[PDB]
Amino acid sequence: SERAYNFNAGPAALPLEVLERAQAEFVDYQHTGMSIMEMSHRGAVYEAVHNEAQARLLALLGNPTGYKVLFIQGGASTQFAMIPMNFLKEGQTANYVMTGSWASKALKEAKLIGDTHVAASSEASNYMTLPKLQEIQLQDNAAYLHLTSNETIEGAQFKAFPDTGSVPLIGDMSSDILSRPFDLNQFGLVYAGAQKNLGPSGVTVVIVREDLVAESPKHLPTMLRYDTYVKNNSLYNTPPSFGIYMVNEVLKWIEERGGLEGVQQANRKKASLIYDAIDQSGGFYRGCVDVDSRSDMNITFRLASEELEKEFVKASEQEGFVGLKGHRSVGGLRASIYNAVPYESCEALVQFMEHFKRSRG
C-alpha cells in the first residue's frame, strides 16, 4: 500500500528504486555540499551526468553510430513545429502517416510551415486498424516521412517500420521509446517527451542522424535550430538540469531490468494478462483496436454502456486505481502500462476487472 496502482497516461509511473535513490541525494549530491539542481550546467559534475545519459541511451540501443542525442525543452509538441521548420524546404512536401490523435496533431502544425501530404491513413476504420507498410505512398519530392510509433490515445502501435530509402523516416516515440529494441538506422530523427516512458516531464529526447542537421536554416530563431543543440551539446542555454539527471537514473534502471530486451518481455507479460482479461470476458470488455494493431503501452477498452464505464472508473478509484479514465475525446477506458508500471499493478487490475464484472452480472 501507500503506493497507488498508477495507470496514468503521462505524466506517469517512475521506478520506486529510482525515486528513492533520487530522494537520498536530493539535498546533498555525492558529498559536494549541494543538490544537482544548484550546480552550474558547465561544471564538471553536471556535464558528467549530462554526457553519461547520452552514452547510456545509445548503448541501450546497441551502440548505433552517426547519431546524436539532444535534450530539448517544449515537449513532443514543440517538435511538431520544429521538425517541418528545419526539414521542410520549398519544392518539397512533408509526408505523414495518419494513425490517430497524435499523428493528426503533428500534421496540423506542419501545414503552418509548408506543403503536406497524407501518405497513408487508417481514418476509414476509425483508427482501429493500422495502415500496412505496403499502403504507405511516398512522394518523389518528400522531405521526410513522419509517423507515430504508438498512438497513446487510441491504443494502436506499429510492430515494424518501413524502408523509406533516401527519404528520412521521422517518428514520434513519446509513448513507447525504450520499451522494445528497434533498428535506429532506419530513422533519421526519433523523438520523445520524457514524461511518458523515461520519467520526468520537462525534457524531450531527440536522437538525430548527424548528416541531417549539420546545417540548419539560418532564418530560424536560435533555439529552434537543431544545430544549436548539436554544436553546443544541448548546452547553449540552461538545460532542464534535474530532468536530465532523472532521465539518467531511469536508464540505469532499464539496464538493471535486462536492457531493452528485458523490459520488452516484461511489458509483453503485463499486456497479455490484461488483453487476456478482455478476450475471455465474453463481450463484457471490448478492445478498441484490431488485435494486430494492439499496443503494449496503452490498452484501450470499452463496456456495454456509458453508465457502466462511469461505474467502472468510480469503483476503481475507491479501490486505489489511478488513471483508468479513457481520454475525453475517445471515451472508454485506458490502462497505460509503461516500463515502470509493475506486473503487480496489472495483476490487481485483472482481479478488479473480474470482480466488477461479476458484481454487475
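So that there is no doubt, residue numbering starts at 1 and follows the sequence shown.
Trainee: Looking at the entry, does 330-338 or 57-65 show the higher mean C-alpha B-factor?
Mentor: Looking at the record's C-alpha B-factors, the answer is 330-338.
Trainee: Test of understanding: from the entry's C-alpha B-factors, which stretch has the higher mean, 4-12 or 352-360?
Mentor: Comparing 4-12 with 352-360, the higher average CA B-factor belongs to 352-360.
Trainee: By the CA temperature factor listed in this entry, which of these ranks top: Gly193, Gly155, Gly100, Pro131?
Mentor: Each of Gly193, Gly155, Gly100, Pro131 was compared by C-alpha B-factor; the highest is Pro131.
Trainee: Using the entry's values, work out which of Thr222, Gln265, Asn248, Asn95 has the largest Cα B factor.
Mentor: Answer, based on the entry's C-alpha B-factors: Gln265.
Trainee: Is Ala110 in the lowest, middle or highest third of its chain when residues are ranked by C-alpha B-factor?
Mentor: For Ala110, the deposited C-alpha B-factor lands in the lowest third.
Trainee: Against its chain's modelled residues, does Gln318's Cα B factor rank lowest, middle or highest third?
Mentor: Top third by C-alpha B-factor.
Trainee: Lowest, middle or highest third of the chain for the C-alpha temperature factor of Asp296?
Mentor: Ranked within chain, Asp296 CA B lands in the lowest tercile.
Trainee: Compare the C-alpha B factor of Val213 with those of the other modelled residues in its chain, then answer lowest, middle or highest third.
Mentor: Its C-alpha B-factor, which the entry lists for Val213, ranks in the middle third among residues of this chain.
Trainee: Among all modelled residues of this chain, ranked by Cα B factor, put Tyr46 in the bottom, middle or top third, i.e. lowest, middle or highest.
Mentor: Lowest third - that is where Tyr46 ends up once the chain's C-alpha B-factors are sorted.
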